[PDB]
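The block underneath contains the structure these notes are about, expressed in structure tokens.
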Amino acid sequence: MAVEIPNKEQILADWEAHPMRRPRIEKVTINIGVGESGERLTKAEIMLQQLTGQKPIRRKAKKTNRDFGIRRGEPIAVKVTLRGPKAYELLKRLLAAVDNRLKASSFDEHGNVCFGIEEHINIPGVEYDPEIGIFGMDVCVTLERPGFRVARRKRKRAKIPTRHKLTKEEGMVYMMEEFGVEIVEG
Amino acid sequence: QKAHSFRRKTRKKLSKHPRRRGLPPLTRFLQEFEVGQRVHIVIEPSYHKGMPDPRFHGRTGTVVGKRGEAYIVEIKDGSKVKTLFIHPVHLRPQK
Amino acid sequence: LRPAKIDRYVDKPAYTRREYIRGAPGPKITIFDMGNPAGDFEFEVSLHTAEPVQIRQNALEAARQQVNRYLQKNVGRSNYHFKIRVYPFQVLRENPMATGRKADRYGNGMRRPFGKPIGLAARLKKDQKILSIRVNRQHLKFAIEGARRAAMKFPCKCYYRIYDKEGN
Amino acid sequence: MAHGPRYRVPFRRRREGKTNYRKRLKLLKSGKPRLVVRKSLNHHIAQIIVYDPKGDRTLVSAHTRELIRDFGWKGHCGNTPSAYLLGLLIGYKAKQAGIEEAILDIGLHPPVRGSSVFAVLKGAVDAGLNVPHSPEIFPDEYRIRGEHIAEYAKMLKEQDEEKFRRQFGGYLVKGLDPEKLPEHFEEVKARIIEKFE
RNA sequence: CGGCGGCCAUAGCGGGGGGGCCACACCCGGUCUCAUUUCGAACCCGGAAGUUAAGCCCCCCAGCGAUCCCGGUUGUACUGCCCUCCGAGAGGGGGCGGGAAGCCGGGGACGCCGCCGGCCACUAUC
RNA sequence: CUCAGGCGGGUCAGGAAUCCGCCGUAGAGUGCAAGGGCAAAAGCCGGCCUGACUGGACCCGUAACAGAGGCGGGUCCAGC
RNA sequence: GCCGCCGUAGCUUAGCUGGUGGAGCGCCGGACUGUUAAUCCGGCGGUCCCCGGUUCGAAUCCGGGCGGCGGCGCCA
């Protein structure tokens, strides 16, 4: 077969050298950017906070537009950025929520993935939900290497080769390893 | 020439090559000149402050002393003796 | 279109740069390449300019036509490739004046003598290639005749002539 | 500049991600020496540097590996109190080179209290160097002495797991400082002045 | 192999190898000093259990950019001075004094330089 | 603290605002013409703050050289 | 050749700070009427002349263009 086999072989290979070659999951950002705010502050805004377990941030609009971003500065969206065990706790369930055989057509060129599902999301009695039940989301998972942090800080910020940039192969197997399966073709 | 500001027809003196672009190195700014010393006055395009009138560019005068941070340089523009107040940035030692 | 007595000189300066100036004229030329691609031949004949001039947009279209017409009819467009490389860029200027007589001027010295656009011209120096036609050695005699016909409508003259490149 | 001959000239330090040429020109303008305090993950350096066109000259150095010899320091080289005794150590050589006035070059990094850069400056002012400052910047007492840490270390502790707090990861794994004792700090601080009393 | 520079692409892009990596990084705790309209990501207090894999240093390769050189085009393009010197003009030529790009071919170039530290060392090196 | 624009993943009829990653030496932006200046900024964001302060000079421009009023500016020093 | 001013539903005309769009007329479908006219309900189409630009967006504000309206085309 193919897709799965070539990916896996390289990651084992990365392990052999020592496993600081392998990637990590930097963060999970759960967002509603499809919007259901309007001029107001949405009540989808709580539902995310309870779900994630920590504070959300409003997202102000820009410009003058037909459907959303009608007036400049109005709430449109909400997001929370997850790191640490909170992010992982979200993924184990979230990955199951998306339909298994995780699509290799929804990967980024960096070995990253965004999920699209709206109005689903498990774990009762948190989702059900009386009396406010209106929601929609888009969930991104950013994946990168561990040794990348130097660029991020002030000290020693310089260009990072592509020999140390995450690629499409590593990200498919790494997601699979944690939970769920990947789509295999052939 | 149409019109008579300082900046007229100084497109060229006032412009740096694309390579030279970017905020200018700090050494040239710090530079120290002694009196009796002859300095060349050349506008650095990248540094806004310390500038002389651009017509003067290419001139060689003598530093007579200083006012504040700037230096006061004596030059003769045609017949007239003139004082040009210029920072060290736009000055270079002769020789 | 006044007779050409200014398109015959290059001692007149540049006023090309159509973006820059307010008011620019259209072309008359649209067709510049004709026949088969230029990779299917071996030999190159050029007409070489020996005199500096400005060559009018009108002259370019006329000269090309009379030439290309002859090549097309006799040879067919299954053979030869003919190119006139130049595009005219140099904008041309006019002082307003017509008959009106009597108490009227027309005119006028200044009060804006500065051009309204007549046209466009291409600047041709010494050893430029005004025409390049590509041919085989069967089709030699046609290409030379066509070039002779070109040369008259050249504003001054040729003196380097009908030139065998040979095809290097 | 990028791949062709396009706008801007890059610089050496600009490529590395180091000190801003603009910040360093402002500092240099007065004609005063720079007391260069710079950071590393387990080191601290202070240096009194002047400018030349040749490239800088450092009049005297003082470092954490010339403090971990023969000053009774056998503490962690990356903590805030090491930096306290770095200021003191370059404080004996401002009395044998006699230049006592310098201004703090932190390089790039935001100036907020609680940081290492204020702690070494604090050590220098007590050594008896006269450097320009406004006092509203010095770490708290807890931080200098090193006693925030003894209390922290009892909270955690690695290589003991329980439902009581015995949390895992760094706490001072080391035997020679279980938890770090402010008595130790005071011995080495007694080296103060050039007399070493 | 640290820190601070000078010159400021000859030190732009890209790739291979080795580490003689206590020091440098990742990394791990983040209560506290402290950074986020959200998150230790950022900023900062704390540590080293683990990693050389980057990074980093060191060795080296030029396909792309740029730097320099020789030769070829080329003393050609262009040009100051003089001309009862030529050309109907447009323009040219001689003498006299100077001389560019773009390109080919063959090459140097994937840095150089100043201060100070530091296991080791007391020397020169990662 | 770093951008126009482009790429791949997301939402949509498309698209917007919004989202994640990657490219990206300046095409953005800087009130307003044009030109010039600038990327760890003068741009972007945030906080604080009100020196668009008082006094009195040098110098330049105006008006090259070269007399020339009003006006502007750089550049000091004292005071707040 | 100069200097003002237009074009907006098939026509003619209101209108505009740049966030709009009508009136009368014609026309079309019903309805009075015996039929029809008149009359009487129901309607709709407008890139608001072309073509650039600024703007977050131009029917509107600037550039240019095209056709149509006035005013000079002379003391010399």
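Following the order of the structure tokens, chains are lettered A, B, ..., residues in each are numbered from 1, and ligands are numbered from 1.
Every chain A residue lying within 7 Å of chain D, based on only C-alpha atoms, is listed here: residues 154, 155, 156, 157 and 158 of chain A.
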Residues of the last selection are to be written out with N, CA, C and O atoms, as a PDB file, in the first residue's frame.
```
ATOM      1  N   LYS A 154      13.469  36.977  21.340  1.00  0.00           N
ATOM      2  CA  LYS A 154      14.263  38.082  20.818  1.00  0.00           C
ATOM      3  C   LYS A 154      15.722  37.622  20.395  1.00  0.00           C
ATOM      4  O   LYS A 154      16.192  37.991  19.304  1.00  0.00           O
ATOM      5  N   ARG A 155      16.363  36.843  21.275  1.00  0.00           N
ATOM      6  CA  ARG A 155      17.774  36.441  21.242  1.00  0.00           C
ATOM      7  C   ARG A 155      17.769  35.307  20.261  1.00  0.00           C
ATOM      8  O   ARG A 155      16.963  34.415  20.307  1.00  0.00           O
ATOM      9  N   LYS A 156      18.687  35.319  19.318  1.00  0.00           N
ATOM     10  CA  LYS A 156      19.043  34.354  18.342  1.00  0.00           C
ATOM     11  C   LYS A 156      17.864  34.132  17.447  1.00  0.00           C
ATOM     12  O   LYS A 156      17.633  32.956  17.120  1.00  0.00           O
ATOM     13  N   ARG A 157      17.230  35.171  16.822  1.00  0.00           N
ATOM     14  CA  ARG A 157      16.218  35.030  15.863  1.00  0.00           C
ATOM     15  C   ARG A 157      16.763  35.134  14.522  1.00  0.00           C
ATOM     16  O   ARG A 157      17.323  36.184  14.174  1.00  0.00           O
ATOM     17  N   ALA A 158      16.841  34.030  13.766  1.00  0.00           N
ATOM     18  CA  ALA A 158      17.325  34.057  12.434  1.00  0.00           C
ATOM     19  C   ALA A 158      16.515  33.020  11.722  1.00  0.00           C
ATOM     20  O   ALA A 158      15.744  32.205  12.322  1.00  0.00           O
TER      21      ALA A 158
END
```
If we count only C-alpha atoms (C1' of nucleotides) and set the cut-off at 12 Å, which residues sit around residue E:31, ignoring sequence neighbours fewer than 2 positions away in its own chain? Please answer as an MDAnalysis selection string. (chainID D and resid 148:156 165 167 171) or (chainID E and resid 29 33 45:46)
Identify, on the basis of only C-alpha atoms (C1' of nucleotides), every residue whose closest approach to residue F:8 does not exceed 10 Å; exclude the query and any residue fewer than 5 positions from it along the same chain; express the result as a PyMOL selection string. (chain A and resi 106-110+112) or (chain F and resi 21-22)
Those residues with C-alpha atoms (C1' of nucleotides), as a PDB file, in the first residue's frame please?
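Generated file (again-v6.pdb):
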```pdb
ATOM      1  CA  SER A 106      -7.220  18.523   4.814  1.00  0.00           C
ATOM      2  CA  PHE A 107      -3.483  18.731   5.544  1.00  0.00           C
ATOM      3  CA  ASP A 108      -1.505  21.821   5.179  1.00  0.00           C
ATOM      4  CA  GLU A 109       1.875  21.736   3.497  1.00  0.00           C
ATOM      5  CA  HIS A 110       3.490  22.089   6.893  1.00  0.00           C
ATOM      6  CA  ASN A 112      -0.772  20.848  10.108  1.00  0.00           C
TER       7      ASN A 112
ATOM      8  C1'   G F  21       0.685  27.487   8.990  1.00  0.00           C
ATOM      9  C1'   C F  22       4.185  28.938   4.926  1.00  0.00           C
TER      10        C F  22
END
```
Name all residues at most 9 Å from residue B:27 (count only C-alpha atoms (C1' of nucleotides); drop same-chain ones fewer than 2 positions away) and give them as a PyMOL selection string. (chain B and resi 24-25+29-31+89) or (chain D and resi 25+53)
Please report the interatomic distance between atom CA of residue D:9 and atom CA of residue B:49 in Å with one decimal. 19.9 Å
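Interatomic distance, atom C1' of residue F:53 to atom CA of residue D:133: 26.8 Å.
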